[PDB]
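> Okay, here's the structure, questions in a sec.
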Protein chains: 4
Amino acid sequence: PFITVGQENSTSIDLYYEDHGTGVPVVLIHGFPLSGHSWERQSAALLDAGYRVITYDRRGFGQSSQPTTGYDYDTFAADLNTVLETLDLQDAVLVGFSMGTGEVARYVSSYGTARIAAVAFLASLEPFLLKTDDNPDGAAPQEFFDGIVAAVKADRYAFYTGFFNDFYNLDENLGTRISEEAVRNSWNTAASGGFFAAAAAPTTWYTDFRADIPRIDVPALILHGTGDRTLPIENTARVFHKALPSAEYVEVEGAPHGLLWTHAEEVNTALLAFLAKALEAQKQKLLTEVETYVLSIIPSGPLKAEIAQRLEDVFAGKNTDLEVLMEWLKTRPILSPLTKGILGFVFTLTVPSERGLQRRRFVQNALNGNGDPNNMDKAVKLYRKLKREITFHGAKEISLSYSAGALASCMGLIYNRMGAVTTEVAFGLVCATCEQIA
Amino acid sequence: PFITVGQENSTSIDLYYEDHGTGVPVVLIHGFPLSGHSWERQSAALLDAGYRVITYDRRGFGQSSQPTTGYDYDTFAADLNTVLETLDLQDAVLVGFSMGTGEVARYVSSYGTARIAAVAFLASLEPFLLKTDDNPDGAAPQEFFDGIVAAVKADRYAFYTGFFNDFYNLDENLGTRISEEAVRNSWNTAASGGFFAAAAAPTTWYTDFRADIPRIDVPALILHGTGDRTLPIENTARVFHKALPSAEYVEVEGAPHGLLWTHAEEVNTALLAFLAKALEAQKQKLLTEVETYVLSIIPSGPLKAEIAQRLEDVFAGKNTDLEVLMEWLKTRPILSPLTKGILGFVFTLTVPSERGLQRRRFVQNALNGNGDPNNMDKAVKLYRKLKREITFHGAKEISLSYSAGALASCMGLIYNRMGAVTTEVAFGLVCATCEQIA
Amino acid sequence: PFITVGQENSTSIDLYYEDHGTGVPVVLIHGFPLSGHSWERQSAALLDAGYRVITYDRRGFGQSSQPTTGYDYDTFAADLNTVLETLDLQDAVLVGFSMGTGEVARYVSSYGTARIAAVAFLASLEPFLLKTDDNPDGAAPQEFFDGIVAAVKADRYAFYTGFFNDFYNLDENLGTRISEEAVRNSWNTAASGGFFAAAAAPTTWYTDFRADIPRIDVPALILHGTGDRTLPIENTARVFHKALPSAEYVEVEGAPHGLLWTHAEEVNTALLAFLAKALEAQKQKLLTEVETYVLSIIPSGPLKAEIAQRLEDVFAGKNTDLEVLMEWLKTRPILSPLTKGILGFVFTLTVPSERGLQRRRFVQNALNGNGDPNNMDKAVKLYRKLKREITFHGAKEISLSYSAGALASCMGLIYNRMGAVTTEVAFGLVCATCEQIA
Amino acid sequence: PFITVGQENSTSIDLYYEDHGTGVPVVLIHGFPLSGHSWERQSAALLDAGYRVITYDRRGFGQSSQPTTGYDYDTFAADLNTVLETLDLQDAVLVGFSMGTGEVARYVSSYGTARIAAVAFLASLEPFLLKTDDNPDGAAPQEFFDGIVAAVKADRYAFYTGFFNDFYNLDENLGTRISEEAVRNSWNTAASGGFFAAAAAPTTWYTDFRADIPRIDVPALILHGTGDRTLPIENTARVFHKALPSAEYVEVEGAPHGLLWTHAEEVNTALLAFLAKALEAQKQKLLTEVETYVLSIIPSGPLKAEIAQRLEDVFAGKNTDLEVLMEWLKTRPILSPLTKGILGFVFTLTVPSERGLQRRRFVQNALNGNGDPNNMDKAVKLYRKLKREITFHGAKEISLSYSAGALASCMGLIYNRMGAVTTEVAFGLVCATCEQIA
């Protein structure tokens, strides 16, 4: 999986990325000098929680292309933008690490937060690393950073082992927090990067982000270890906390720089606690929107009120048995068969506790579609567009074109254990079919 | 629905026909001067029994074309042949009436009985109507038939009422066996025929069928009323009985010529009793053939023996509950999921007593087809060819081309209350999918 | 080289694969946690033997994509089917290893053996690894496999060193059968796999293949090690041998799990012996089918019996003098000049006795083609079609759609070393020219 | 970035290549068994000097495809030819190492020197490694190389740690000239290559390059380590020096075989010096012939002396400003506008120090000339031909068949937006224009 972001000479600067899981998109940006695979402990906990994980490799690092141009944060942000535009992500979360936090703060400032719901800064560079007469809160003068760039160009392979010692604090963490095999992969990941990228990237560490911080309007999370070597805490996060008081501030006690692996228990705990508090407001907004499209089919009366509460208890998570429900749903005087099917459909997508034994006939004949071959031949063409679809905003848009007949049969395909798509796009088909009946 | 059988000048001699029901094809041939609609009392009882009824209108009569050529039994038989070839009927039953019996005996003699399982002769012309020095068993000399032909050409409309009096014996049956409204339709049917056909057809009544009778090798039924006017019983059926002793002989007591309507209770009773005795031998031959394809998937052992008896009791009609069966079918050690589905599929097609409430998941996931969009897109193309298919010999032939993957999903379409086809072609898909696993 | 076998979100699940050599397609399926390059010792042996090696990487492993969906043998077999269909293979031999033996039995029991000639099971998973009350032939209970997954999730990179120590039995083979450099490479491939793929794979180890074994209607090979630490021989091959007795059972003495590298000498010898014992019956009644068309051109007499022995004493595997035949075929009274070049061509392919010098003249003047540009331009048309051909039938079905004069010129280039084809393709041309003389 | 250079059955043979920087193209070809990333020190100095660095990985090595066919220098040269043509490199430089030095001599011999300006052989194989009876100056008999292939086939990975041990002289240069980590990565690059490649490549070492040496008609550079253990200097560079005495000969004292890393500070110094001289000679040789053509358009007198000086001063790189020239050129008594537009078009090319400013106005007005409907549209016909033409003589020959009104108009197109083509092709138009107006 590759996304093109640039064009160097006769080649195209392509970036490696991975799009896993279904739900709220969480974009992860790695640090120097690793790949997107470095988030393998965080990506694990984000998948079990239900989030959609998207990790991409920075140019010159990992499996991405290795050009000798475009090594400033204006290019690094222009790449992140192209990725978000190509993926068409909406209300996503940007989580950065090391250099990754430098793109999270630059993109937000330069392109806005129309696609952003929340951000996070793990072991950040912000606001400034370079120590000048202007900024005393710097970590080191430019002579120091020029000492690193030269030390890479001499022998970048021998430079890595020294760097990955101040990355994990191996004299304290090896054999306890991190194994030597785990370290080896990090070296293998770094050594398999672009030689030019390894020598040009350190010149971006001392970037002035003081102008980009105020442009953060979305909820933010700031995290940093108290034993960081590459990025001293009192020169970064401690003074990042004063620049943006709106963000929650978390110091992991005794954590090194590469705290993504060493303190995975601590990081994942805080990262999930932040997301489930800053995304809860929008994650249920669909549940009341899906409820809206569903209720716009039910004829007004005593039924419409109880049905709406059979959606409230279910969407929330209250215990509801289907047998009393589905029986009751069938024997209805004013409900047309087609609505019985949609309700029977939605009531199965939202609960994993249907006992997994029986199916219903009143819905199965409702989501039939008469049995017309042409009507079925279009329904599978929709499912084809839905099996390669991800978002609710996209599944509804596509399934609003096809006729009301093909929509019924397409819902049947998913319901009759034939086709299979995520519950987020399943609502899309439902809410699109509901707009047809309006 | 029309079938072309000839070509007159700038027009094409097309014949009207109707193909209703599913099962053993029963071709009905009307008499003079009606349409295929005259069998509406017989077609009713043949549909409730489960037979497939096919009624076509003779040339110059009914809604068929009205040419002024081809009015001999060599042309009338050549039309019946073309119809059977176009419809590709196999092991069908030919049932004739009045002139209709003249085509049943001529086709069999001139074209054979490869497509014929049994025949019937209701109020037949056989073996000879014309009284000559050669044949004393005739009904009338040629002077009589020439008296009718002239009486038609004078005023065929006024000739009908006289004919439809000796057709039903209205002085005995009107207001009792047949209503005057029922008679009116017969007149309307006759008057809406070809004027040339009404005047040329009587010249075919005195045809010598004595050479065609010995060529009857299939089981035959001979029926005739004892009050027939148009065709005296002692000149037709009584001497037809001596020519072909193999055929069962039935005299309806006090029945007129048009005994298809007057004595519908008697005719239908004898007609069904004959079919269910002369078709029982082949109607279950498929049941042991379908059983053969089904058992060729089951791994040899103690299961294969019991499964085979779960097919014997079911195909025969013995009481079998699905809940004990389907539960038992699921929890199987050596049965692969795909075979569980086929058995679960067949066990639902053959019994109308599944209580109509629940469905099974072990089969529903077996006849899935992985969920591949291309695999589903081909499955609906098969169902399209099956929804316009009629025979078991044709459904199997078509569903042997598509891959084993598309066959599974196509079986799912029928099982999951989406598509709908007759149980005769359903076995075709099953037996074709079974040959794939061999 | 890649093959799209699915679609996860906005990414396409592609599998890495390689295709070398000419002859019978031998597919090699690796196991946990290596890749297609682990067969490198077997691939070198199969290429020299005269086969066609096709190795591919499982999803999430090796150089293929690393998705989070589709980690079960129903999905693994769906990929294998797509690879087999995309390449359009016929008479293919399926060889598996560890986790790769499960894809061989699952595909063979769901998609058929149309493209399969034989199968092989090295270090099998069959028939059941999980130990319940239903079978004592299981390896370990569910509580054990949960320990593995938890160990992978803890430290994926540290898990390998403890896994590869029991993979090759390094307390027995290190420094002898396998060097530490070979271990490091096996680790480098396991580390570059998928993070989700490495933890969701051991849950597929205890898959039940008992319902897939009787579906194997092709010659099989059950090989195992008597010192396997990962897959206990008593719980796998020992009971697999009873479920599949007509399969050549081979136990490599003192062999570990990673016997592909340690006991490569013992495996290759046993694998090549099976590839000959299973494919000998098909080469016979093909080589005699080749001879059948060859002897047809030979006039029925005392010469058609001599040339029969001159062929059957070469097809068997014996050696002979090329000079003797090319002087006994040259100076011959009854044979036409064309059928001299034909026999001279068949011999030049079936003989290993090169003697290392110059190439005959009379066959050149026979397979000349009159030096006609039109007839010789049609000759290169077949060569381009035969260079892309594989089977014997595929070559004969194309080389029969050309003039017999053009086939001579086409057998000229292949002879004159201006064009190169295989063995079954070459005979497909010759046995087509022979068909055009009847 | 990949380039297709062939086809292997179901798979395509692609080669991984990189393109960096702007300037004179320098093709770097690696050796056994590394990849293009082995030039990461030479590819650094070349970029800092102002060259265009192009590294491609040989088949079976690096990230390129791993086929089992075409492991010979006839195929390797074809691979290089395909890469050069696909990239359409003009006046490039070929630099090879170990095996790469064989692909330089073979290309020039078989394909020519139209795209090549200069070549370089670093630690070369030339002329013949195999020690035969007619070639006393060999290195080892065929019994030696056959021992290496056998050594690799036994254990490919364990073989490397002994090869790299002498490749770098790690008993002399380890932890000093080359780091331990630098070795490990080179081992990873080796282990990630084609298994068949590592066994087939050593057989290509003893290739006779004596048939390729005389074909070299371009400036060459023969550099070789004095302490080369793998490739003896006395059996290669010394004898190679006699076969091509025209080449600048350089011996780096105490350098092993892998002197690209250990002695990068010496190789970069020599390679840059050679390039900055040999290329400088071509930029002077084929620049004084331009003056010859220009000084045929200018009437004899002081203007044929003042322009001559101002041309020879500019050609010599003497610091001057165009605004003195471009104005002094304008206010000139004798010269016509056409020859005032030609001179200005040369001064813009031969003086890169353009103050970083605009173009001129009088040259734009004089160049187009008339803008004749067909003659201006016959300038775009030549513009399509010169973009494909690669040489100076080639550009001269084609444009000599066009009118001076078309050449001037074509020069007007190039001047506006250049370019596309190169200066060696642009001068091919200027010299052709001057040749016409005579």
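As shown in the structure tokens, the chain order sets the letters A, B, ...; within each chain, residues go from 1, and ligands are also counted from 1 in the order they appear.
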Among the residues of range 171-273 of chain B, find those DSSP assigns to strand (DSSP E) from the backbone and print them as a count of residues only.

11

> Near chain A, meaning an atom within 12 Å, which residues of chain B appear when counting only C-alpha atoms? Write them as number ranges by chain.

B: 323, 326-327, 330, 355-388, 408-421

> Tell me, as a PDB file with N, CA, C and O atoms, in the first residue's frame, which residues lie within 10 Å of range 225-227 of chain B, counting only C-alpha atoms; anything in the same chain fewer than 6 positions away does not count.


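Produced file out.pdb, reproduced below:
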```pdb
ATOM      1  N   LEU B 122     -59.254 -39.267 -25.806  1.00  0.00           N
ATOM      2  CA  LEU B 122     -60.593 -38.936 -25.325  1.00  0.00           C
ATOM      3  C   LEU B 122     -61.521 -38.617 -26.494  1.00  0.00           C
ATOM      4  O   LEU B 122     -61.277 -37.668 -27.237  1.00  0.00           O
ATOM      5  N   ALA B 123     -62.582 -39.408 -26.642  1.00  0.00           N
ATOM      6  CA  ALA B 123     -63.522 -39.272 -27.757  1.00  0.00           C
ATOM      7  C   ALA B 123     -62.790 -39.286 -29.097  1.00  0.00           C
ATOM      8  O   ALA B 123     -62.830 -38.313 -29.850  1.00  0.00           O
ATOM      9  N   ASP B 166     -75.249 -31.048 -30.979  1.00  0.00           N
ATOM     10  CA  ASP B 166     -74.843 -32.447 -31.050  1.00  0.00           C
ATOM     11  C   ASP B 166     -73.470 -32.626 -30.414  1.00  0.00           C
ATOM     12  O   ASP B 166     -72.906 -33.719 -30.422  1.00  0.00           O
ATOM     13  N   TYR B 168     -72.830 -31.245 -27.132  1.00  0.00           N
ATOM     14  CA  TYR B 168     -73.074 -31.380 -25.700  1.00  0.00           C
ATOM     15  C   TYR B 168     -74.381 -32.104 -25.392  1.00  0.00           C
ATOM     16  O   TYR B 168     -74.660 -32.409 -24.231  1.00  0.00           O
ATOM     17  N   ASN B 169     -75.172 -32.375 -26.428  1.00  0.00           N
ATOM     18  CA  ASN B 169     -76.542 -32.864 -26.263  1.00  0.00           C
ATOM     19  C   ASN B 169     -77.339 -31.921 -25.369  1.00  0.00           C
ATOM     20  O   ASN B 169     -77.722 -32.278 -24.255  1.00  0.00           O
ATOM     21  N   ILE B 233     -70.008 -44.314 -30.661  1.00  0.00           N
ATOM     22  CA  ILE B 233     -69.087 -45.126 -29.873  1.00  0.00           C
ATOM     23  C   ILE B 233     -68.782 -46.480 -30.522  1.00  0.00           C
ATOM     24  O   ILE B 233     -67.648 -46.956 -30.470  1.00  0.00           O
ATOM     25  N   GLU B 234     -69.785 -47.078 -31.158  1.00  0.00           N
ATOM     26  CA  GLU B 234     -69.624 -48.385 -31.790  1.00  0.00           C
ATOM     27  C   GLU B 234     -68.854 -48.323 -33.110  1.00  0.00           C
ATOM     28  O   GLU B 234     -68.545 -49.356 -33.707  1.00  0.00           O
ATOM     29  N   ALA B 237     -64.489 -45.951 -30.549  1.00  0.00           N
ATOM     30  CA  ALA B 237     -63.829 -46.514 -29.372  1.00  0.00           C
ATOM     31  C   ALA B 237     -64.020 -48.024 -29.221  1.00  0.00           C
ATOM     32  O   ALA B 237     -63.089 -48.734 -28.844  1.00  0.00           O
ATOM     33  N   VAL B 250     -62.271 -47.054 -21.006  1.00  0.00           N
ATOM     34  CA  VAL B 250     -63.241 -46.456 -20.094  1.00  0.00           C
ATOM     35  C   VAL B 250     -64.416 -45.823 -20.835  1.00  0.00           C
ATOM     36  O   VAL B 250     -64.237 -44.899 -21.628  1.00  0.00           O
ATOM     37  N   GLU B 251     -65.618 -46.325 -20.570  1.00  0.00           N
ATOM     38  CA  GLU B 251     -66.833 -45.743 -21.127  1.00  0.00           C
ATOM     39  C   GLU B 251     -67.574 -44.942 -20.067  1.00  0.00           C
ATOM     40  O   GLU B 251     -68.054 -45.502 -19.082  1.00  0.00           O
ATOM     41  N   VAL B 252     -67.665 -43.632 -20.267  1.00  0.00           N
ATOM     42  CA  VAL B 252     -68.439 -42.791 -19.366  1.00  0.00           C
ATOM     43  C   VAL B 252     -69.920 -42.940 -19.697  1.00  0.00           C
ATOM     44  O   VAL B 252     -70.338 -42.703 -20.831  1.00  0.00           O
ATOM     45  N   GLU B 253     -70.706 -43.341 -18.703  1.00  0.00           N
ATOM     46  CA  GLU B 253     -72.118 -43.643 -18.912  1.00  0.00           C
ATOM     47  C   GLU B 253     -72.967 -42.390 -19.123  1.00  0.00           C
ATOM     48  O   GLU B 253     -73.117 -41.567 -18.217  1.00  0.00           O
ATOM     49  N   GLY B 254     -73.521 -42.253 -20.325  1.00  0.00           N
ATOM     50  CA  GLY B 254     -74.433 -41.164 -20.636  1.00  0.00           C
ATOM     51  C   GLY B 254     -73.759 -39.851 -20.986  1.00  0.00           C
ATOM     52  O   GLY B 254     -74.382 -38.790 -20.920  1.00  0.00           O
ATOM     53  N   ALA B 255     -72.487 -39.919 -21.365  1.00  0.00           N
ATOM     54  CA  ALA B 255     -71.725 -38.721 -21.706  1.00  0.00           C
ATOM     55  C   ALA B 255     -71.857 -38.377 -23.185  1.00  0.00           C
ATOM     56  O   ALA B 255     -71.871 -39.267 -24.034  1.00  0.00           O
ATOM     57  N   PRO B 256     -71.955 -37.075 -23.496  1.00  0.00           N
ATOM     58  CA  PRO B 256     -72.054 -36.599 -24.879  1.00  0.00           C
ATOM     59  C   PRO B 256     -70.691 -36.568 -25.562  1.00  0.00           C
ATOM     60  O   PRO B 256     -69.773 -37.267 -25.133  1.00  0.00           O
ATOM     61  N   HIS B 257     -70.562 -35.764 -26.613  1.00  0.00           N
ATOM     62  CA  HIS B 257     -69.291 -35.632 -27.315  1.00  0.00           C
ATOM     63  C   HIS B 257     -68.341 -34.714 -26.553  1.00  0.00           C
ATOM     64  O   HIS B 257     -67.175 -35.050 -26.343  1.00  0.00           O
ATOM     65  N   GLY B 258     -68.848 -33.556 -26.140  1.00  0.00           N
ATOM     66  CA  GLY B 258     -68.062 -32.601 -25.382  1.00  0.00           C
ATOM     67  C   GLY B 258     -68.049 -32.933 -23.904  1.00  0.00           C
ATOM     68  O   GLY B 258     -68.434 -32.117 -23.067  1.00  0.00           O
ATOM     69  N   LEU B 259     -67.591 -34.139 -23.586  1.00  0.00           N
ATOM     70  CA  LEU B 259     -67.600 -34.637 -22.214  1.00  0.00           C
ATOM     71  C   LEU B 259     -66.467 -34.055 -21.372  1.00  0.00           C
ATOM     72  O   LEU B 259     -66.291 -34.430 -20.213  1.00  0.00           O
ATOM     73  N   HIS B 263     -69.037 -33.956 -18.203  1.00  0.00           N
ATOM     74  CA  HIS B 263     -68.587 -34.948 -17.233  1.00  0.00           C
ATOM     75  C   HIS B 263     -67.136 -34.719 -16.825  1.00  0.00           C
ATOM     76  O   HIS B 263     -66.291 -35.600 -16.982  1.00  0.00           O
ATOM     77  N   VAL B 267     -64.118 -37.553 -16.148  1.00  0.00           N
ATOM     78  CA  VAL B 267     -62.928 -37.515 -16.997  1.00  0.00           C
ATOM     79  C   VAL B 267     -61.649 -37.267 -16.199  1.00  0.00           C
ATOM     80  O   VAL B 267     -60.672 -38.002 -16.338  1.00  0.00           O
TER      81      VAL B 267
END
```

> Please list as number ranges by chain every residue within 10 Å of residue 236 in chain D, counting only C-alpha atoms and excluding residues in the same chain fewer than 5 positions away.

D: 123-129, 137-139, 224, 231, 241

> Rank nothing, just name the residue among B:230, B:436, B:282, B:336 nearest to residue 99 in chain B, using only C-alpha atoms.

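For residue 99 in chain B, the nearest of the given residues is B:230.
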
> Neighbours of residue 182 in chain C within 8 Å (only C-alpha atoms; same-chain residues fewer than 6 positions away dropped), as an MDAnalysis selection string?

chainID D and resid 155 157:158

> Could you give me, as a list in words, the residues within 9 Å of range 316-322 of chain C, counting only C-alpha atoms and dropping anything in the same chain fewer than 4 positions from it?

residues 311, 312, 326, 327, 347, 348, 351, 352, 353, 354 and 355 of chain C

> Where in range 201-343 of chain C does DSSP assign alpha helix (DSSP H), given as a VMD selection string?

chain C and resid 237 to 243 264 to 283 287 to 297 303 to 315 322 to 328 337 to 343

> Which residue gives the smallest distance to residue 59 in chain C among C:26, C:34, C:223, C:244, with only C-alpha atoms counted?

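Checking each candidate against residue 59 in chain C, we get C:34 as the closest.
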
> Which residues are close to residue 42 in chain A, i.e. within 12 Å by only C-alpha atoms, leaving aside same-chain residues fewer than 2 positions away? Reply as number ranges by chain.

A: 26-30, 36-40, 44-49, 51-55, 95-97, 122, 259-272; C: 153, 195-196

> Counting only C-alpha atoms, which residue out of D:117, D:297, D:67, D:183 sits closest to residue 11 in chain D?

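Using only C-alpha atoms, residue 11 in chain D sits closest to D:67.
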
> Between CA of residue 80 in chain C and CA of residue 214 in chain C, what is the spacing in Å?

19.8 Å

> Between B:86, B:287, B:329, B:70, single out the one closest to residue 313 in chain B, counting only C-alpha atoms.

B:287
